[PDB]
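Heads up, the thing below is written out as structure tokens.
FYI, it's all coordinate maths here, none of it is from the lab. Cβ: placed from backbone, ideal geometry, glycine included. Neighbour counts: every protein chain shown.
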Amino acid sequence: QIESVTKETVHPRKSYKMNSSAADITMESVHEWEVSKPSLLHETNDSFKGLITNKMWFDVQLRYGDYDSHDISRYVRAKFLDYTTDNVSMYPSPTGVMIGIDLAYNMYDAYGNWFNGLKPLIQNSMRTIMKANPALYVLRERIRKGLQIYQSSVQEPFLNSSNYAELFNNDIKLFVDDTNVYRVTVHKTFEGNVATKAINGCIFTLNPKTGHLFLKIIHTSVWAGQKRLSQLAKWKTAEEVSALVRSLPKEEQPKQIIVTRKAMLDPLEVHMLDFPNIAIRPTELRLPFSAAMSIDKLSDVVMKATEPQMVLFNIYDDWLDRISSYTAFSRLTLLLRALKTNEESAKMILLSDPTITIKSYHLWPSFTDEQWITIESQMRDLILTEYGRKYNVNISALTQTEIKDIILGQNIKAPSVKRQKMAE
Amino acid sequence: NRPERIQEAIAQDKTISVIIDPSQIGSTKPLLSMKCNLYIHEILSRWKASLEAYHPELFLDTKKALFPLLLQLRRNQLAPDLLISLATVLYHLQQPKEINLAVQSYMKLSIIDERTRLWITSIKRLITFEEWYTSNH
Amino acid sequence: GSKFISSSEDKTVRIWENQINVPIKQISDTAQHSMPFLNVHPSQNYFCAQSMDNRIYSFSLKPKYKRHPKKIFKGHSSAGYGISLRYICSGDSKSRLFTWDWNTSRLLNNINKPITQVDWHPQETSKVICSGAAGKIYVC
Amino acid sequence: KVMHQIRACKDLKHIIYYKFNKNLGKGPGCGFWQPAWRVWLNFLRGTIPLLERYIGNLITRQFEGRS
Amino acid sequence: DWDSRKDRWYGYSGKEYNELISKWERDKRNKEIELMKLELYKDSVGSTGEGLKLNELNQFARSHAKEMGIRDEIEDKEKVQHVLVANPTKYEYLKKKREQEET
RNA sequence: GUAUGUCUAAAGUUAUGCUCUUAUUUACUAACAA
Ligand SMILES: O=P(O)(O)O[C@H]1[C@H](OP(=O)(O)O)[C@@H](OP(=O)(O)O)[C@H](OP(=O)(O)O)[C@@H](OP(=O)(O)O)[C@H]1OP(=O)(O)O
């Protein structure tokens, strides 16, 4: 029987401010509630006095304990009847609830007044959150990293060459690459040493189903603010992505977000804490999207960019019209692959015929399906050629293995590959 | 009192050209506002037909998200920086061959922000439906 | 039409693409530059430019990344300007104009009368304009 | 060197409390701030010269340049 | 047991907190026109998946491969026919026209 | 990545043998990637 669950917006300070506390949630009731006298969560015998409330409040109270202050219940109680009974930072009601989380010990507890039949919900809630809040899990994982004891255990397997099929499955997705966010003009200096200067870049933000390549064009102005830009690249990337996700609706909020650079996952996890439903997918299979930006019109647009702007495109248009998305994506994958091997070769292949013309909207030249097929074959040969040159063993390839080689994703050490192989 | 607010408004609701001039953005205000405000009402009505085909659950709250705009637009509470970006989205949304330009314009609109997100996000559903609506037709 | 060059007061030259706004090449430091002019070079490889230190340079503008000067045109006490067609003709600060064989960097030194902004009548083969200070334009 | 003062205060607390809590149990509710207060006064007495010199020189530097 | 001894509040009924409620319970005892309508005139007046079809096509990749060049050929078939299965977009048509013949 | 050091931050002081095309090395440098 709650009329409205409103969040009282406090300063960012509140989170960690300890001398005072404004209430985080304010709870407007339908009827008067008759809350119990203040008590702890596990204190079962909650005494229902004649006092009533038309409005409660919920406060969180994060703490980081020591070997000496490692009980939370006492602390939370103290906090509750400190801030209530203190003439700074008054709550709308003196009757309310206060949760506190010992982050150092994972010892949740809460104290305060209790609406009838509420306590069980809160207990269960806390139990759930502690079991798996995203933010708290991140924190534990962060600490774990700090202590180099990280048990490499994932619930969802990575995108290897086998699971590539099950990438997409009538399911709204998004795909991210942060490779060409921080590009540099290397130019000489008066002293003689090199000076790196930032160029405009991108946030390769693709959707394999629709073929809608979003890419927020990074204007160099955003680097002009700060230094240590390789890390900052990641941060801006994840920030931008997060913002984009926020902008889109709950239906069009993409479920599984895939990331090219596995290092850039780490801050994304943080900026994805805005919304927990958006699962992260660290790809085992490296896809060529550094060379994605070396497509003519894309690079053109990147250079053109004058400000913080995004200019989306359909990475494949005609292909969608002809065939399902997956087919289109295979072709695209081949193309990008070839580009990554060699740009000149790629362009040559594309512009082998000069009679063909790239459509005004489209990023790619519109071919007939048999000539298209031929082109694809040529590209594949290019990739294989590259492999032969560098890897020096492109001749005696098994089928699955060959497929992996095309992507260049299925690594030899990757145990997923062993799995698929084992299966066959 | 309230009856003449029904009469004058519903009469005015059926009295408009559902058009956005791409050059009148440069001019200074209620004309572009109410053009867009009642163009959105057509985007609402085209939805109202194929509510059985499309998923209706999100629209029921889309309505409540749109209610701010209605209150903004007929008053001109909505800011010039928002409005120029907003009308730019709706103009490109008119032509079926500006679907790139539609979401293009929406992304540059999005890029204090609590219900503004909610309604601006709701506008993306209006593009999402309209883009699909013209496809499945 | 595509590539675009612009030297500056800090003694640096910048090959750019038409609109890319990203330096294809910043030039070397210990020189100085003032006036940028492309020689009407038959291959059209060459971007010439006058200095502060009395010496007009030459640059292999194709590719833009190339910039090794072949032979430098010394002997024109510079505060001014210079233009090409075979020959490069540039004026000096103090006295007078200087025709130079573009191949060997040496030719006649015609009197001006000071100032110096030289140019060629390109529709013809041999006719120059000098730009003297205070209504003294000399033609050849 | 204020550690001495701090240490002294600690000692006083230890002394005081255990003359203050003979039959009385444990807890925080003892007052009696006299001897500690005395300690702090004497510390201030000690330091008043030191701070007159120190802050003297400081503000002199702020005003007159350093020598 | 440190934080128990520190516990500024310890060993108490809420005698001070009941006095706060008493102080505030006393304080309890002591205490659009057209636009609403203009907007609400419109209706509101309340106030695996497709990758399985790839997985079938990749299973059809097993068919053309099982026909020609599985293991015996090093490069001549198992690499050449490898280049001509699964990778290129044309393999959509190879299955599609086999579906069209099957229809 | 830094110490550190320069730079900008707007108002007008009253005078008449070579050019060329390239491919290769080596060195140094590079908070750019591996
Ligand atoms: O001996 P110290 O390190 O100065 O710490 C003392 C001491 O606590 P420990 O014995 O745990 O160290 C006192 O405990 P008792 O020896 O008296 O049992 C306690 O005095 P109370 O028992 O009277 O509280 C006092 O605590 P407080 O400062 O609250 O009086 C506390 O000092 P710290 O709290 O600064 O450690």
Item to complete: Report yes if residue C:27 is away from chain A (no Cβ under 14 Å) and either on the phi < 0 side of the Ramachandran plot or not hydroxyl-bearing (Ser, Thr, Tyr) (or both), otherwise no.
Response: no
Item to complete: Could you pull out the residue among C:70, C:62 that is more than 14 Å from chain A (Cβ to nearest Cβ), exposed (fewer than 13 other Cβ atoms within 10 Å of the Cβ) and within 16 Å of RNA strand F (Cβ to nearest atom)?
Response: C:70
Worksheet entry | Residue, nearest to residue A:287 (Cα to Cα), within region A:193-204, restricted to residues that are touching a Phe, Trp or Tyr at 6+ places or on another chain (Cβ under 9 Å) and buried (at least 22 other Cβ atoms within 10 Å of the Cβ) | A:204
Discussion item. Need the failing condition index for residue A:352 against (1) hydroxyl-bearing (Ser, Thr, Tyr); (2) touching a helix residue (DSSP H, G or I) at 6+ places or on another chain (Cβ under 7 Å); (3) assigned to a loop (DSSP other than H, G, I, E, B), just the number.
Written reply: (2)
Item to complete: Can you tell me which residue within region E:57-103, out of those that are of a type in the set (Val, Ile, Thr) and surrounded by fewer than 19 Cβ atoms within 10 Å (Cβ to Cβ), is farthest from the other protein chains (Cβ to nearest Cβ)?
Response: E:103
Discussion item. Within region A:139-190, take every residue that is within 14 Å of chain E (Cβ to nearest Cβ) and of a type in the set (A, V, I, L, M, F, W, C) and give me the one that is surrounded by the most Cβ atoms within 10 Å (Cβ to Cβ).
Written reply: A:159
Worksheet item: Which is closer than 26 Å to residue E:19 by Cβ and within 34 Å of the chain's Cα centre (by Cα), of A:27, A:56?
Response: A:27
Fill in: Some residue of region A:223-230 being part of a strand (DSSP E or B) and either more than 14 Å from RNA strand F (Cβ to nearest atom) or surrounded by fewer than 22 Cβ atoms within 10 Å (Cβ to Cβ) (or both)
no
Worksheet item: Here are some conditions: (1) farther than 19 Å from residue A:279 by Cα; (2) away from RNA strand F (no atom under 16 Å from the Cβ); (3) buried (at least 21 other Cβ atoms within 10 Å of the Cβ). Residue A:212 meets all but one. Which one does it not meet?
Response: (3)
Discussion item. Can you pull out every residue in region A:83-98 that is under 38 Å from the mean Cα position of the chain (by Cα) and either farther than 13 Å from residue A:60 by Cα or surrounded by fewer than 24 Cβ atoms within 10 Å (Cβ to Cβ) (or both)?
Written reply: A:83, A:89, A:90, A:91, A:92
Worksheet item: Is it true that some residue in region E:11-31 is within 7 Å of chain A (Cβ to nearest Cβ), touching a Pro at 6+ places or on another chain (Cβ under 7 Å), small (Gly, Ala, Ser) and surrounded by fewer than 16 Cβ atoms within 10 Å (Cβ to Cβ)?
Response: yes
Response to the item:
For region E:2-15, pairs from a residue that is under 14 Å from residue A:75 (Cα atoms) to a residue that is within 11 Å of the ligand (Cβ to nearest atom) and among the β-branched types (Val, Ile, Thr), with Cβ under 7 Å and 6 or more apart or across chains, are none
Worksheet item: Is there a residue being assigned to a loop (DSSP other than H, G, I, E, B) and either farther than 30 Å from residue A:403 by Cα or in contact with a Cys (Cβ under 8 Å, 6 or more places away or on another chain) (or both) anywhere in region A:153-167?
Response: no
